[PDB]
Structures are given as C-alpha cells and as structure tokens.
2 protein chains.
Amino acid sequence: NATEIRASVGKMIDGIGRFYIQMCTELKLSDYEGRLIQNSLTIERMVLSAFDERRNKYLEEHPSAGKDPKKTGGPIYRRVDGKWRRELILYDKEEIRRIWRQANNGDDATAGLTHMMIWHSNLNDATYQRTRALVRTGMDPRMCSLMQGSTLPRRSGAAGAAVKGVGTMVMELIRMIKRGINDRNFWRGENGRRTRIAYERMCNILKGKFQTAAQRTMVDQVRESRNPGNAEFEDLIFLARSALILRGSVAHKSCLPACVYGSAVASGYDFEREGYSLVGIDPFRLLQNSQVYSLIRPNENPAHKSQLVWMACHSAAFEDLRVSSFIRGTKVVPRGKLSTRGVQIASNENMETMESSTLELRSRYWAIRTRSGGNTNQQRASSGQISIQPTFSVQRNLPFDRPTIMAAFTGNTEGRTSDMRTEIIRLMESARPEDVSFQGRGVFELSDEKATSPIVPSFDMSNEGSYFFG
Amino acid sequence: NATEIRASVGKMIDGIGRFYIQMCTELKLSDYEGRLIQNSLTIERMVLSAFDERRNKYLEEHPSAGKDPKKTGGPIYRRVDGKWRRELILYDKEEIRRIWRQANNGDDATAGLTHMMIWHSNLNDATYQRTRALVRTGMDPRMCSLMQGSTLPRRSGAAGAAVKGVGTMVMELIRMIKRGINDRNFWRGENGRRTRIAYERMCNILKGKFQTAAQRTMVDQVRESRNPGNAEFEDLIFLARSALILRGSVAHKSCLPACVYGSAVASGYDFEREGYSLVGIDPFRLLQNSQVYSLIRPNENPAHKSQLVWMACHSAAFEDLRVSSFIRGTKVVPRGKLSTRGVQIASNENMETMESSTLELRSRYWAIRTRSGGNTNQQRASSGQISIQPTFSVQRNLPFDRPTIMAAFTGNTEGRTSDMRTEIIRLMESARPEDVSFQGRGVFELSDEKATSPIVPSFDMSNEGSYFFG
RNA sequence: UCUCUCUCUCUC
RNA sequence: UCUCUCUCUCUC
RNA sequence: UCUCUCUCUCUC
C-alpha cells in the first residue's frame, strides 16, 4: 500500500512547515525575510546542531572554542529600508528542541531530520565537490560523480542510508582502514566489536546498492578479511572505478528548502489530505508557484544562481546538462564558466555589497526520478526465465539452464578479487558510450497528473558537454 | 578536525621550549648565551645521541673511541668579558633523558625528537649537499635538489617519513642493493625478512610521494623483482631523473631553532591556548620578534649568514631565489659567491677570531607552504569526471569514459620498465619551462591573519638565476 | 601534510 | 526507494 | 491433487 507512506511523509512535511512558521513568528521577520535561503540555512543548521546528540555529548565534556556551552552560530540577515544587516544571535538547544517537540505532535521527527541532512548533502554536492579528501586518500579526483551525500554523518538512518553514495562509502571505509593501519584498533575490546559491526553493516548497504552479480560477490568476498591490510584498499578503489560504469542506484531524494514548505503550509495546503510524494510530480508542483529571495554579490550573476539553486533543490548537480536543460527549458552553464560562488556567504565579507533578488525555479517539464540504473547493464546481461514449473502432469524433461545455475551459486568459489577484476574489465570493454538507457520512459508535461503520455528527448547538439565538472 | 592536532603540536613545542629553559637554568648561561645557535646545536645533537637507542645499543657492546662509555661532545661556548671560550663538557645520557622525562609531563616526546632530526636535515641541506655519496653510487651530482633530508636516519617515524625526499630514498635503496649484490643477504634468515619488509615499506612511501599514475605503476612493478640485481639500479636512477620534473610533494616542515622556542615559552606565550601551526603564519609570527646571536669568523659576512640561517630555518635552500628574495624582501646570494662557510664551527679553529653578532630573521611577507606539486602536471593531465550516477530513473545510457578506464586498470599489464620510460619521456617532452604553477594562490602580508587577500609576484628580472647551486 | 595536488567555500 | 532495475498493467 | 511423483491396473 502507498497511502500510508504518503500520509506519513505529508504529516512530517506539515510538521516541518509549521515549525518554519513558528520560527517566522518568533524571529519577528518580515514577509520578504522568510523568503530568504540564508535564514533558512542558518536555522536549519542550528536544528542539525541541536538534534545531533553525538557531537553535543562530545561537546559538554569539551568546553572549548570560547563561547560554546550550548549556543552556536546564528547569522540572521534583516533588511533595513533597502540595505541589509547581519546579526550573530545565539539560541539555546533545549528551547528549540521543545519547539520541535510540539511542532510534530510530540514526536522526535527523525525522518524530518534526515530530510534536512539530505538537503544539506545536495547543497554541498551542488556547490563544492571534495576532491581534497579524494587526493588525501590517494583517490583520483576524476570520479567526483561518486560523491553523493559526502557531507552526511553516519547518524542518518536507513532513509539517510539510501542517499549516501558508493564513492562516499569507499571514502569512509578507507578512513577506517587507514585508522586501523595506524594503530591496532582491531583488538578484542568493545571498540573492535563496534567497528566490525559498522563495517559489515556498511558492506551490506554497499551490496544492496550495486546491481550486477559479479561486483556483489566480489564485495561479499571483501569482508572475508578479518584483518584488513592494504589489498582491500586497491580493491575498493577498483570497486569505485568499476562502479563508474556499473553505477549503483543509490538515491536522488528531491528535498526542498524550508521556506517553500513553510509558504505552502501557511497558505492552508494541508499535505495529509491530498497526499505528498517526494519522487513524483508533487515536489515539482509546489515550485512553479513558489517565490524565493536570496542575497547576491555585485559580481555574481543571478541567472546562474537560480539555475544552481534549482540544481541543489533537485539534486541534479551530477545529472547530464542536456536533459537538465531540457527539463528546465533553458541552457545550463557548467561549473567551468559559472560567474558565481557558493550560496553560503562568508562571515567576514562586508555588509554593503549584498543585494537581494528573486530566484527563478519554474521549469517547463517534469519527470519521475527512479532509483535505478542505465539499461546498458541489462543489455550486457539479458533477462528471461532460468527454471520451469510443471503445470500439466506429463512425462517430460524439466529444462534447467545449468551453466547459469552454477554462475548464480559460484560452485567453484572465487579465489581472490583478481579473477573478478578480469571479467569486470571484460564487461567494461563490452560497454559502449552510445547505449541508450531508460527504455519505455519519457518526460511528461506539467498539465499531466497521472503520467499518461510522455515525449522522448532527442539531443543532436554536437558535443556541448555532458560533464558539469571540467 | 584540526583543533586536536593544533593542541598536540602546541603541547610538544611547549615541552621543547621548557626543556630549553631547563637547559638554560642548569648550564648557568647568561642571557646572551641562550640566544646562540651553537649551544642549541650542541645540546640538540646531544639529545639526538641520548635518544637514539640503536646507536647506543651498538655502542655499549663496542667500547671504542677512547672516552666513550656514555658521554659525547659538548663544545659549550661562553662569553668572557667580550672574548669567547670553548669548553668540552661531557654529560650523561640518563640524567638528560629524565630531564626530558619531566620536560614533557611523563611522555617520550617522539614527535619532538622527529622535529629535531628534521631541523638537522634542513641545516645540513642548507649548508652542504652530498654530491660525494651521489658520485659514489655513480649518481649524477646535477640532481642535488633531490637530497631533502639526506642526513635523516631511518629511525624517524611517519612524520619523519614525510620529510625525507625521493632522491634520498633512491640513495638508501641503492645502498641496500649494492650490499645485497656484494653478499647473498637475501637468504631465508630473519635478516632477509627484515630487509624485504623495510624495502616494501620504503617503496610504499615512494609510491605515496609521487603524483602521476605512470611513475606509480612503474614503481609498483619495481618491487616485483624478488632478487634485485642490476636492472632496477638504472630503473631507480631513471626514476630520480624523471622525478626531476614530475617532482613528489615530499614535505617542507618549517622547524625552528630551540632558542626561538625557548624565548617564546619563557615570555609566557603558551602555545596550547592560542594554538600552534607548523605550516601557516604561525612559525613566521614568532620570528619578526625574535633575537638570535651567533659566532662569525673575521672574514665571513654576517649579512650572508643571516640569509643562510633563515634559509635553514625555513628549509628554502632548494627553493627558487626570486620568490625567496621576494618573501624575504632583499636579494639572496647564491651558493657560488657566498663569502661564508658552514654554520657549524670546527673543533680545531682558534678561539681568538670568533666574534658574536645578531642574526636578521625578519621578512616583509609570508606564504603558506603546501606539500603539493606544480600545476604543470595537472596541465599535462587534465581533470574532470570519468563516471556518472543515475539521479533520475530515466531510460538512458550511462556514459563511461572507457579508454581511460583501461588506463587506470592497465588491462594489458606493463611488460617491463621500458614501456613506461617511453611515455614518461613523452611527458617530459610535453613539459615546458614556462608553465606557471600554483594557480589561485599568492603571497600575503604580515598584517593578514586569515589569508584574505594575497598579491601575485611578477618576476621580469632577466636571468638572475633560479639555481641556488651553480 | 586535513593549513590548502585547482577550481576555490567563514563553515572543522 | 513499493512512484516505476524493462517489458510495461487504472487496478494498492 | 485420490484424475494419475513410473512402472502402469476397467476394478473407487
């Protein structure tokens, strides 16, 4: 059944929206002030800090960073008769914790929290990619397209586990491997137990994310090493390099800024009644009638800023430029020639140069974001029955496709990773960059509500460049 | 997190400084005497001898060199009413070992020891380059710029492993190869095991230091030889010759003399509270308000001595003269016309000719010393994505950059070193001596604390000579 | 080398 | 990820 | 699945 999940997501988004309304009430902000991305970012990171129990518990035992008992940050921006001002106002954790407490009818709202962490992951992935950590681990910065949800902490649950990508998991595993190489953390203490439990859980998440059998079995053989040394390091690097083409269907949750949700909730559009979806038309239908303001530097182009924020909202920073432009309706500028900077504003930059303006979010078309992979993998490995069932009682043979039956079982168990690298490189060679994917699907029009008739895109515009980076 | 490392380095430097204060207390030296480079050198080499367990353990079984149970050296210089005197005072190992024992709150202070070895490496590299060992190994003395940390012993840890350079590792590997050629040390005894363990660890350090993939794979194929004969000898020589241009980002730790640290600690500038950094502005900000005295021969120019000691402190002996002068503010004299000698003073030279004077260390500007390489390598091999991730569930192809996918994996494994020498010489030909490096970075002013605005240097002063040697 | 291996971000 | 990993079905 | 999982029988 899908009605229950729809009601649950509608309920928790209604809670988030009415929390945002409560914030707009308590901050004494004007109508325009509540349509700002920056203040939503500030309050939302404040919520992240308040609800992150582990960092807090690390902090009350560590009274450092000067003024840090329980209050952090808070750069609220207010419009003064056309000009702008920034104030560093500090808020307690317990008060706003309880404001959430009645902002969700007595619940913890963990799903909402995961929504905020995921929307932060999308903003960071859209703005800045961490080539720095990649090169730190020795890992090639050519594969930044594997950095989905890198800024996410491990505190996120299964819903948060859905969005964090393959390459980010390679990075976090490499971090723990380097730590275990530096010192003997693998002893029989409770620390070793929690490390191996986390390691096996993360490997299970990995094997869930992949699609082809060969990579799944190689990963299953990865955690056989009770004492991970150096071989699994290049094993995981090659895992990422092979997942370049055999990508895992991780997630692309379409999280939206708190201002848009709050404006919708304030207008009386209760999400529980008509339902809410995070994947279909629904996150789209709020945006063509949404007004968003933000601050811009006197050199930044607002036209680029609108495209970038729509990227971040729809987590399309790692999507191809051609289809993103087709859905948007206008050409999208790659990261190479963007005359803009990060949407976050520095704490030291001067107050005079900021100017507020409206953000354009309307898009001509819409499409469903499925958590799947390209059809090319199913082209490499076709589909069909392998077994048969006797319906009539007739004296006949039972046809069994035996050579694939051994392949599923792997009768002769794989010796090491290398034998798997062999046929996975063979599959990579079988791959082609002209393999059309997602057959039977298309882009629909905004007037469509039940996905009745799509239109297939056709891109013949030479080599404009399907690479947002470079 | 960077606060913990900052606190740790501040703590161990505070320990070193208060050890230096304890030494100034116990030596009964005057105020000027503690501002001398020579006495700091003597006590510091004494500490090196006391804390070097391997040489000690080689020595108590070898009672040679006459008076050598546990006491070595100690040429302390004292000012007598304007004149100078030198005394050979001998100190025990255990007493000063325990003085360190409470000089660091009960710790071994291995990081501090590594700091002293690295600062010795910088002094030796600044003063004298070992062309002698290069020619001994048959290795061309044109490449002395690869002699970073040559005097370092193998006892230094990972922090010490960071600073010892590529050419020095070529030299130590050549030494072990010559030893294994002379006699069959590669037998199945425990000695062979420790040799191969050290050899593979040092090769791992090498492959960590390099940047380009081709050299890394060639090095990975280097240790495939279970019995190293003669081919890997020219293989490593060519490795150094290729690393001439494709240099490895080894390290340039800015270690400072114990007198400067001790003066700062005595004044009450506790490093733990405000933090310490070895790489940023911090090692610089102590020096413009630091007073240093040293002995000089009646022919040596003190102006050259100040520049040389600032070179040694900042380990800029292998940096280009133009930028070093720009940061210093005054022209730097190359090794060709330096009317000075080594900062260490001979044990046989007469007492009458020594004269003490102040050392100039103040510099107009400051810059960050990153452990990176020139941008020219990234110009030869550009940057960008290689793989893509499906965000929307659309029937579409997954574009994979296959020809580089084989290149990362090396599907057809390299036959020997020669096929790699081919394209590495091709890359050397692609190299140009006009490739501007370190884009997006610059030199900042001393008034800057957060690296807000740099100024890019522009050198058009013909051919003054960017070669400290020759 | 988490005081910056490149596309730039105060954000640890 | 039950708003679609492929053969297409409004059927939850 | 008593309209036949093997040695064959209309026998219920």
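About the thresholds
Residues numbered from 1 in each chain as written, not as in the entry; some residues may be left out. Chains lettered and ligands numbered in written order. Part of a larger assembly, values for the part shown. Heavy atoms only, no water. Helix = DSSP H or I, 4+ residues; strand = E, 2+ residues; numbered from the N terminus. Buried < 20%, exposed > 50% of the residue type's maximum accessible area, 1.4 Å probe, protein only. Contact = heavy atoms within 4.5 Å. Areas by Shrake-Rupley, 256 points an atom, 1.4 Å probe, with all protein chains shown as cover. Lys, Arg positive; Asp, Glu negative; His and termini not counted. Charge placed at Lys NZ, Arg CZ, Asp CG, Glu CD. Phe/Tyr/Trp six-rings, centres within 6.5 Å; stacked < 30°, edge-to-face > 60°. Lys NZ or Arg CZ within 6 Å of the ring centre and 35° of its normal. Least-squares fit on C-alpha atoms. Buried area = accessible area lost by both parts, 1.4 Å probe. Salt bridge = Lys/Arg side-chain N within 4 Å of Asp/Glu carboxyl O. Polar contact = N/O pair within 3.5 Å; in protein donor to acceptor, adjacent residues only side chain to side chain. Nonpolar A, V, L, I, M, F, W, Y, C, P; charged D, E, K, R; others polar. Disulfide = S-S within 2.5 Å. Core = buried A, V, L, I, M, F, W, Y, C linked by side-chain atoms within 4.5 Å. Expected span 1.5 Å × (residues − 1). Pairing = 2+ DSSP bridges. Patch = residues over 30% accessible without salt bridge, like charges linked within 9 Å, V, L, I, M, F, W, Y side chains within 5 Å. Axes fitted to C-alpha atoms, helices over the stretch in contact; angles between N-to-C directions. Parallel < 35°, antiparallel > 145°, perpendicular 65-115°, else oblique. Left-handed = near helix turned anticlockwise from the far one by under 90°.

Going by the header, the method for this PDB entry is cryo-EM, and the resolution given is 8.7 Å.

Engineer: Which parts of the structure should I look at to understand the overall build of chain A?
Structural biologist: The helix and strand inventory of chain A stands at 19 helices and 6 strands. Taken over the C-alpha atoms alone, chain A extends approximately 85 × 60 × 50 Å along its principal axes. Taken over 470 residues, chain A has a buried fraction of 47%. For chain A, restricting intrachain contacts to residue pairs at least 6 apart in sequence, the fraction spanning at least 24 positions comes to 74%. Summing over all exposed atoms, chain A offers an accessible surface of approximately 26100 Å²; the carbon and sulfur share of this is 52%. The centroid of the 68 positive side-chain charges in chain A is displaced by 3 Å from the centroid of its 52 negative side-chain charges.

Engineer: Sorry, what's going on with the packing of aromatic side chains here?
Structural biologist: Here a ring pair, both rings aromatic, is described through the centre-centre distance and the interplanar angle of the planes. In total, this model carries 21 aromatic pairs over all chains according to the counting rule given. Between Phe271 of chain A and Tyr276 of chain A, the ring centres sit 5.4 Å apart and the planes meet at 70 degrees, which makes this aromatic pair edge-to-face. Under the relative-accessibility criterion, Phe271 of chain A is labelled buried at 5%. Ring geometry for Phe51 of chain B against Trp100 of chain B: centres 5.9 Å apart, planes inclined by 90 degrees, an arrangement best described as edge-to-face. On the criterion of sequence distance, the pair formed by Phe51 of chain B in helix α2 (residues 37–51) and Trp100 of chain B in helix α4 (residues 93–103) is long-range, its members being 49 residues apart. Accessibility expressed as a relative area gives 6% for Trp100 of chain B, which makes it buried. An aromatic cluster of at least three residues, connected via ring pairs, comprises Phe19, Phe51 and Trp100 of chain A. When the ring centre of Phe233 of chain A is taken as origin, the NZ or CZ atom of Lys178 of chain A, which lies over that ring, is 4.4 Å away.

Engineer: Please clarify how the relation of the copies chain A and chain B should be interpreted in this entry.
Structural biologist: Both copies of the chain are placed relative to one another by a rotation about an axis and a shift along it. Between the two copies, chain A and chain B, the superposition gives an RMSD of 0.0 Å; the rotation angle is 57 degrees and the shift along the axis is 24 Å. With a heterologous cut-off of 20% or less, the 2% of interface residues of chain A that recur at the interface of chain B puts this contact in the heterologous class.

Engineer: Would you mind showing me how to read unusual backbone geometry here?
Structural biologist: Trans peptide bonds make up most of the peptide bonds, and negative phi angles are found at most residues other than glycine. Residue and element names in this part refer to chain B. For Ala65, which is not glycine, the phi torsion reads 60 degrees and is therefore positive. Secondary-structure assignment places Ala65 in the loop between α3 (53–60) and β1 (75–80). Phi is positive for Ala109, close to 60 degrees, though the residue is something other than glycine. Looking at the element boundaries, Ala109 is found in the loop between α4 and α5 (110–127).

Engineer: Please clarify how the interface of chain A and chain B should be interpreted in this entry.
Structural biologist: In many reports, interface size means the accessible area that the parts give up when they come together. Listed by partner, the interface residues are 56 residues for chain A and 27 residues for chain B. With both chains or domains summed, chain A and chain B bury close to 3800 Å², and 55% of this area falls on carbon and sulfur atoms. Among the residues of chain A in contact with chain B, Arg142, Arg247 and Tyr467 of chain A are the three that bury the most area, contributing 21% of the side total. Inspection of the chain A/chain B interface yields 0 salt bridges. Our count for the contact surface shared by chain A and chain B stands at 24 residue pairs in polar contact. Where the side of chain A that touches chain B is concerned, the elements lending two or more residues are α11 (231–243), α17 (376–380) and α19 (418–430) of chain A. Tallied by class, the residues present in the side of chain A that touches chain B amount to 23 nonpolar, 20 polar and 13 charged.

Engineer: Would you mind going over the pattern of salt bridges with me for this structure?
Structural biologist: When their charged atoms lie close together, side chains carrying opposite charge are able to pair. All names here are of chain B. Taken as a whole and judged by the stated rule, the model has 34 salt bridges over all chains. Ionic pairing is found between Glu172 and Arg154, a salt bridge with its closest N-O pair at 3.4 Å. Here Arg154 lies in the loop between α6 (131–136) and α7 (158–163) and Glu172 lies in helix α8 (residues 166–182), a separation of 18 residues in the sequence. Accessibility expressed as a relative area gives 8% for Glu172, which makes it buried. By relative accessible area, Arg154 is classed as exposed at 55%. Between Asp220 and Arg223 there is a salt bridge, with its nearest N and O atoms 3.1 Å apart. What makes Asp220 partly exposed here is its relative accessible area of 32%.

Engineer: Where do I start with the state of the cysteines in this structure?
Structural biologist: Under the defined criterion, the tally for this structure stands at 0 disulfides over all chains. Left unpaired, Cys255 of chain A is separated from the closest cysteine sulfur, that of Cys313 of chain A, by 9.7 Å.

Engineer: Would you explain the nonpolar core in this entry?
Structural biologist: The biggest cluster of nonpolar side chains holds 72 residues, and the ones touching the most others in it are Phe19, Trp100 and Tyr276 of chain A. Those elements giving two or more residues to this core turn out to be α1 (3–26), α2 (37–51), α4 (93–103), α5 (110–127), α7 (158–163), α12 (258–266), α15 (302–314) and α16 (321–328) of chain A. Ranked by the residues each element gives to this core, the list is headed by α2 of chain A, at 8 residues. When near neighbours in sequence (up to four residues on either side) are disregarded, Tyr276 of chain A contacts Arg6, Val9, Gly10, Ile13, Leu256, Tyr261, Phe271, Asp282, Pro283 and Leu286 of chain A. Core analysis: the next-biggest nonpolar cluster, separate from the first, contains 63 residues, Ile43, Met117, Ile118 and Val443 of chain B among them.

Engineer: When you look at α5 of chain B in this model, what are you seeing that I'm missing?
Structural biologist: Residue pairs spaced three or four apart in an α-helix point in one direction, given the helix's 3.6 residues per turn. With 18 residues, α5 of chain B ought to run about 26 Å at 1.5 Å a step, and its terminal C-alpha atoms sit 26 Å apart, in line with that. Burial analysis of α5 of chain B places 15 of its 18 residues in the buried class, the great majority of the element.

Engineer: What's the story with the pairing of β1 of chain B in this structure? I'm lost.
Structural biologist: Sheet faces and side chains relate simply in a regular strand, where the side chains alternate between the two faces. All names here are of chain B. Alignment of β1 against strand β2 (residues 83–88), held across 6 bridges, turns out to be antiparallel. Paired with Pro75 across the strands is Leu88, a residue of β2. With antiparallel pairing between neighbouring strands as the criterion, β1 and β2 make up a hairpin whose turn holds 2 residues, including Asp81 at a positive phi of roughly 50 degrees.

Engineer: Can you walk me through the environment of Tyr199 of chain A in this structure?
Structural biologist: Residue and element names in this part refer to chain A. If you trace the backbone, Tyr199 turns up in helix α9 (residues 190–209). The class for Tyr199 is buried, based on a relative accessible area of 14%. When near neighbours in sequence (up to four residues on either side) are disregarded, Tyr199 contacts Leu173, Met176, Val222, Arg223 and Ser225.

Engineer: Please clarify how a nonpolar patch on the surface should be interpreted in this entry.
Structural biologist: Together, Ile388, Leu398 and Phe400 of chain A make up an exposed nonpolar region whose accessible area comes to about 270 Å². Tracing the backbone shows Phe400 of chain A in the loop between α17 and α18 (402–409).

Engineer: Teacher, can you tell me more about the side chain of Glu172 of chain B here?
Structural biologist: One polar contact links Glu172 of chain B to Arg154 of chain B, side chain to side chain, over a distance of 3.4 Å. Excluding residues that lie within four positions of it along the chain, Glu172 of chain B makes contacts with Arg154 and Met202 of chain B.

Engineer: What should I look at first to understand the packing of helix α11 (residues 231–243) of chain B against helix α19 (residues 418–430) of chain B in this one?
Structural biologist: The packing of two helices is summarised by the inter-axis angle and the distance between the axes. Residues and elements named next belong to chain B. Interaxial distance between α11 and α19 falls to 11 Å at its minimum, and their mutual angle equals 20 degrees. As judged from the angle between their axes, α11 and α19 are roughly parallel. Crossing handedness for the pair α11 and α19: left-handed. On α19, the residues that touch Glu234, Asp235, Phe238 and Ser242 of α11 are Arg421, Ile424, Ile425 and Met428. The residue makeup of the contact of α11 with α19, split by class, is 4 nonpolar, 1 polar and 3 charged.

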